[PDB]
Visitor: 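One structure follows; several queries about it will come next.
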Amino acid sequence: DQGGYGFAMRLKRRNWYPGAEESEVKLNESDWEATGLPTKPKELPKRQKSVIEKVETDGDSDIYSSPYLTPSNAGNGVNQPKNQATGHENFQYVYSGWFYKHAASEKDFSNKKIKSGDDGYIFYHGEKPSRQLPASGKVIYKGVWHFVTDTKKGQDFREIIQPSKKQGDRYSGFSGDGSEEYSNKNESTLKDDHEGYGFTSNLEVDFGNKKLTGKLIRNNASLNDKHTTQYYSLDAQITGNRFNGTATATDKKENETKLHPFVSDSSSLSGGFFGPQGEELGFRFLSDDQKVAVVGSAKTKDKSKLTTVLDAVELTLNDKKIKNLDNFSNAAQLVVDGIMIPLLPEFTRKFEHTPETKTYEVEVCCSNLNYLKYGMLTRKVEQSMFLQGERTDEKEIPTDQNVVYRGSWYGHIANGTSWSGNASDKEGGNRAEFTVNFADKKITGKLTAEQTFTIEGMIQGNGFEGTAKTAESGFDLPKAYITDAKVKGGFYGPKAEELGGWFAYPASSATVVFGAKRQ
Amino acid sequence: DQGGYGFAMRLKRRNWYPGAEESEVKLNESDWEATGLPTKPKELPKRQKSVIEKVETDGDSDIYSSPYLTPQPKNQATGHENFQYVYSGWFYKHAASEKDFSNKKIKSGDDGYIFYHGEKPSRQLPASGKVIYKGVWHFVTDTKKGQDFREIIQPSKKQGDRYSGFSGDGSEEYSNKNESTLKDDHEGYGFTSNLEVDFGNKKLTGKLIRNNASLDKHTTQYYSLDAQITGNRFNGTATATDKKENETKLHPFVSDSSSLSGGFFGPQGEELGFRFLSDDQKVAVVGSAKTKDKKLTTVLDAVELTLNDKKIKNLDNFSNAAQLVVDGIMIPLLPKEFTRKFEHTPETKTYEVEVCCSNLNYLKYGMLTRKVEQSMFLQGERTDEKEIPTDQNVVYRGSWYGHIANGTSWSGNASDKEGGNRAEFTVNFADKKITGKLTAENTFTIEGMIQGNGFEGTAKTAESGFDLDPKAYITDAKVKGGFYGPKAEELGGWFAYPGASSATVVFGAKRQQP
Ligand code: NA
């Protein structure tokens, strides 16, 4: 999809003012809200929490939330419910769940509006979207899932929520409702075929084939023979640290009458992997009939060769240091300080951006690159270089023994006075060239200002590493000297049409990002 | 009717909670509320005012009322605006909505009352002639879902549907009440009344109209009225002038009423108040009217004779001998067996009353005590002067209550027996002459002239002293009285002395027959 740390969807409340009544309020893709990056995934997402904090109540002011979440800033009663897939409960990077208030009714006759029922959100959010994943093998992920429905006059979902308060009619059915009383979430022990407590998810992720399948079920209250009910299966393709696909409603029958909301397929399943090697994931979807939205989370068993799916780095000038950036496997979306900066609105480019550090100044290259972006980033005053690209699958690395790549680079170097040079297509300005022997796992090339650097390295999988050096001789602006500069890079896009890398040093310094295109 | 100083009727608000909705709330005779005696007729009636004071608001706490009432529209019949005894009108609040969702009650709209009240209900009226009364009238309707009265009230706020149509509504915008001058054929401003009272024939007729805003005849008539006068009261019907024929009826005045009732107030009934409820229970009306701004007959006697100070006060009465009105409260004299005795506490602590007699129907008299004060009382409904019989020899027999003393006091209740208090009278109507005797122990002698339905003369202990079981010498004591009931079957009088022996006496006798 379009990437992000998380998504939230608000409960609906239907207007029943007589004469001005909405017979229905459907859910919409436009209803999804970004959560932003959480400092602590176990806490509620801050933007949406603030909204609910301001929601008026009249008798019970508490915020109720999923049992494994941090009550934080909020209270409860008659409470020890559980919602967990057994053996898969120790989430560290990703949380999904719900939170809500018993909101006061809106009783605004003078605006012909009457609304009543809970107000709240379902959501998932995560930190540390993954830059590496297992290289191969099928891996079981389990966790939880949550839902919120549309509202329609006369509608009920009595199979999942006892409809004494018009759940599904006046306000959304949702998995946190006080009348969701048919799961085993309050029971003290499990039946031998339960996957856990409440609504749980089970996914099989095939890292070898870049795809996944799964099942979303309810673990049923024991009030012979089977004690779970399946509402969806899932199917998705993995691209980098993201996945996209479909959800299939398990019981839609034909003839109905359909006492639950899970009756339509979804063509908008999307999620992503989080953690050092994608050991946790978050996902969401919206049903095609706009009657239900789902979010969820899953993880490998509570306590392997890896492949790198992306590079995203920031090189800070002042201290020549190199930090990893978050990225959602999208070279054209620059993620810094938890905000997303697009990189496409003519070689290179330049612009500034302010969200909602004051503003970000970015110079990005290049116009002919599609899986790789690099340039200059400045906060306001801080200055850095950056590079980010989507690695080519190691199994797609071409075998060709002679391959030339051409492009440019941004440079900042000094043994005394400093030299800085942007990237360019012309003329004697920064230019880069590389010859790669894939068969040999060998790579070499040169960067020239017009004087030059010379790079050499070997090829490990879908990335390379080596060293860069001035002529020394020396450089320009009066001379700078570089020797044994630590060089890191990778190949980007299908069959490695693109490649790029960077180096920092380490009385001469140096920080360089470069990217080249295949001929 | 059943008499009173005034009546009020509250606006209705209809429950429109979905699923627990009232489709309609009709008016009912039982909805009428007594107002009590006002100290100042220009002020709002106190009981109902207190109710409205407690009505909850949320944004506008004011009480709005008819412009001539004591807190630039006008509501008045020109030349007939200076009311002193009787006021009718309305008052209300922009009441907050009731929004009780868990008990399934939603109500919205104005809350308030229409009312009339008066002081000094009349004991005399003009003896004859037709007299024009004009004034104002007011209405409140039922509520019914989907109902509007757009001819009278612009229905932007569901007037007639969620809360009663009423003449004080802010959207009553079709009368001339806000205009600065009058058309040639307007009777005045807003909704006005015009009555012709025929005191000669004891009846009245009238018309209730709206004076229309000018933006072709300028008034619209909604009712005519017809009533019979009995004493200081009147009862009859209202006839809806436009009912239902070729029209779908854009106003609430579509049904007749068989419950028009009202009464006269002031020294000679120069003002009146009235009310009615439509037979279809869709609309209640109250109103008031007066003779133009600036010989009598007496229709009732109602007096209190205070012992301690031998003084005699007029009581209010609504032309009903069996309803004793003291201190603004109504005390019935027949239990819904000669003489009677009982006590009564309203809502002075309690009233103790001894009343006579069981055979009298237009005349009641006896003892009244407050708690401690003690008085005698007499009240009766005079016979029409034109019904005074011409018979030259007529005997009346009965009793009397007596309290007298030149030294020690003598008190004697009334009775049928035996040597106890007894009264006898012979009346020569042809001669306009009356005489009779009261005896305790076998004594007062009374001569008097008849005038209309009343008499006036003297009572003397004669010669000399009386008993005191010490001689009490009362002579030339003024005696006043009347003939009560149709054709003067019952008669009554009283006397106070002086105008070392005192005396206060009420008596009543009944007519005999060959
Ligand atoms: Na986000």
Side-chain angles (χ1 to χ4, degrees), chain B residues 3-5 37 120-124 231-232 298-335 338-346 348-382 398-404 409-415 421 423 438 444 454-455 459 477-485 490-497 502-510:
Chain B
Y5 289 106
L37 177 63
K120 302 299 180 174
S122 310
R123 67 202 63 248
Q124 306 186 322
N232 69 10
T298 291
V299 302
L300 66 82
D301 291 307
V303 297
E304 176 183 354
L305 290 73
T306 46
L307 295 174
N308 58 307
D309 58 308
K310 325 296 185 305
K311 196 161 59 60
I312 122 198
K313 316 166 179 175
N314 276 323
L315 295 164
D316 285 344
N317 188 265
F318 304 104
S319 285
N320 184 343
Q323 175 180 63
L324 177 63
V325 187
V326 296
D327 314 336
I329 65 90
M330 281 120 287
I331 297 175
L333 296 185
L334 315 169
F338 193 71
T339 312
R340 184 157 170 242
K341 216 162 186 176
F342 72 91
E343 281 197 0
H344 169 235
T345 312
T348 59
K349 321 298 183 66
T350 303
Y351 299 93
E352 172 167 346
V353 183
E354 178 173 351
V355 59
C356 191
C357 326
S358 56
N359 60 331
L360 300 180
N361 312 290
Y362 302 98
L363 181 286
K364 295 299 180 189
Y365 66 105
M367 307 296 302
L368 171 64
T369 54
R370 298 167 171 95
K371 64 187 302 179
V372 159
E373 195 166 2
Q374 311 196 30
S375 309
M376 295 174 182
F377 74 87
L378 182 151
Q379 52 183 50
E381 316 180 41
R382 292 255 185 126
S399 181
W400 51 293
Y401 293 75
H403 215 279
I404 179 169
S409 65
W410 152 263
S411 79
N413 293 341
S415 70
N421 274 30
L438 317 182
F444 285 99
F455 62 86
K478 232 62 171 296
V479 161
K480 205 187 269 70
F483 299 102
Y484 312 95
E490 323 187 309
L491 72 69
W494 56 89
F495 51 85
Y497 201 83
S502 74
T504 61
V505 157
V506 298
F507 63 90
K510 194 179 189 64

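Letters go in sequence order (proteins before strands), and every chain restarts at 1.
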Visitor: Where is the tightest heavy-atom contact between B:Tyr362 and B:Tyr484, given as atom of each residue plus distance?
Guide: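 Minimum heavy-atom separation between B:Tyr362 and B:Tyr484: O-CB, 3.4 Å.
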Visitor: Looking only at heavy atoms, which two atoms of B:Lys310 and B:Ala496 are closest? And how far apart?
Guide: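 That would be O-CB, 3.6 Å.
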Visitor: With a 6.0 Å cut-off (strictly less than), is the heavy-atom count around NZ of B:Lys120, excluding the residue itself, greater than 12?
Guide: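 Not buried by this count: 12 neighbours or fewer within 6.0 Å.
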Visitor: So, the side chain of B:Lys349 versus the backbone of B:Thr345: is there a donor-acceptor pair under 3.5 Å, distance only?
Guide: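 Absent.
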Visitor: Check whether any side-chain heavy atom of B:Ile329 lies under 4.5 Å from a side-chain heavy atom of B:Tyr351, and answer yes or no.
Guide: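 A side-chain contact under 4.5 Å exists here.
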Visitor: Would B:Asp327 and B:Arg370 count as a salt bridge (charged side-chain N to carboxylate O under 4.0 Å, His left out) if you check the C-alpha gap in whole Å, the side-chain angles of each, and the deciding distance to 0.1 Å?
Guide: CA-CA 10 Å; B:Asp327 314 336; B:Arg370 298 167 171 95; 3.2 Å; yes
Visitor: side-chain contact (heavy atoms from CB on, under 4.5 Å) between B:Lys480 and B:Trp494: does it pass, once the steps are laid out?
Guide: CA-CA 6 Å; B:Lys480 205 187 269 70; B:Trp494 56 89; 4.1 Å; yes
Visitor: Return the orientation label for the B:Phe318 and B:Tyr5 ring planes: parallel under 30°, perpendicular over 60°, tilted otherwise.
Guide: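 B:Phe318 and B:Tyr5: perpendicular rings.
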Visitor: Would you check if there is a donor-acceptor pair between the side chains of B:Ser319 and B:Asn232 at a distance under 3.5 Å?
Guide: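 A pair is found: one side chain offers a donor N or O, the other an acceptor, under 3.5 Å apart.
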Visitor: Minimum heavy-atom separation for B:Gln379 to B:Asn320, with atom names?
Guide: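 Minimum heavy-atom separation between B:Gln379 and B:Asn320: NE2-O, 3.8 Å.
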Visitor: Determine whether B:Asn308 and B:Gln374 satisfy the following criterion, side-chain contact (heavy atoms from CB on, under 4.5 Å), listing intermediate values before the conclusion.
Guide: CA-CA 8 Å; B:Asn308 58 307; B:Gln374 311 196 30; over 6 Å; no
Visitor: With rounding to the nearest 0.5 angstrom, report the CG to NZ distance, B:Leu363 to B:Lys510.
Guide: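 Atom-to-atom, B:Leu363:CG and B:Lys510:NZ are 9.0 Å apart.
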Visitor: Taking all non-hydrogen atoms of both residues into account, name the closest pair between B:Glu373 and B:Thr306 and its distance.
Guide: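 For B:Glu373 and B:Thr306, the tightest heavy-atom pair comes out as OE2-CG2, 4.0 Å.
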Visitor: Any heavy-atom pair between the side chains of B:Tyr497 and B:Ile404 that's under 4.5 Å?
Guide: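 Side-chain contact under 4.5 Å: no.
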Visitor: Begin with the C-alpha distance, continue with both residues' side-chain angles, and end with the deciding distance and a verdict on side-chain hydrogen bond (donor to acceptor under 3.5 Å, both in side chains) for B:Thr350 and B:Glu343.
Guide: CA-CA 7 Å; B:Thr350 303; B:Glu343 281 197 0; 4.7 Å; no
Visitor: Could you check B:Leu378 against B:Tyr401 for side-chain contact (heavy atoms from CB on, under 4.5 Å), going step by step and ending with a plain yes or no?
Guide: CA-CA 10 Å; B:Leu378 182 151; B:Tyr401 293 75; over 6 Å; no
Visitor: How long is the span from the OG atom in B:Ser375 to the CG atom in B:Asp309, to the nearest 0.5 Å?
Guide: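 Reported to 0.5 Å precision, the distance equals 8.0 Å.
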Visitor: What I'd like to find out is whether the side chain of B:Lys341 reaches to under 4.5 Å of the side chain of B:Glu352, using heavy atoms alone.
Guide: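 In short, these two side chains touch, coming nearer than 4.5 Å.
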Visitor: To the nearest 0.5 Å, how far apart are CZ in B:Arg382 and CG in B:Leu300?
Guide: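 These two atoms lie 8.5 Å from each other.
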Visitor: Could you check if a side-chain atom of B:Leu305 sits within less than 4.5 angstrom of a side-chain atom of B:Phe495, using non-hydrogen atoms only?
Guide: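 Counting from C-beta outward, B:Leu305 and B:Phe495 never come under 4.5 Å.
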Visitor: Does the B:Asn317 side chain pair with the main chain of B:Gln323, one donor and one acceptor, at a distance under 3.5 Å?
Guide: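 Yes, the answer is positive, given that a donor and an acceptor are paired below the 3.5 Å cut-off.
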Visitor: Compare every heavy atom of B:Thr339 with every heavy atom of B:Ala414, then report the nearest pair and how far apart it is.
Guide: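 Minimum heavy-atom contact is O-OG1, 4.0 Å.
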Visitor: How close do B:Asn359 and B:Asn361 get, counting heavy atoms only, and between which atoms?
Guide: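 Reported closest heavy-atom pair: O-ND2, 3.5 Å.
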Visitor: Got a second to check how far B:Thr504's OG1 is from B:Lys311's NZ, nearest 0.5 Å?
Guide: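 The distance works out to 12.5 Å.
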Visitor: Tell me, with the steps shown, if B:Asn413 and B:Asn421 meet side-chain contact (heavy atoms from CB on, under 4.5 Å).
Guide: CA-CA 7 Å; B:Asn413 293 341; B:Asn421 274 30; over 6 Å; no
Visitor: What's the separation between atom CD1 in B:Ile331 and atom NE2 in B:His344, rounded to the nearest 0.5 Å?
Guide: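 So the gap between those two atoms works out to 6.0 Å.
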Visitor: Between atom CD of B:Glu304 and atom CG of B:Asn314, what is the distance when rounded to the nearest 0.5 Å?
Guide: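 The distance works out to 10.5 Å.
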Visitor: Do B:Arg340 and B:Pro335 have side-chain heavy atoms sitting under 4.5 Å apart?
Guide: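 A side-chain contact under 4.5 Å exists here.
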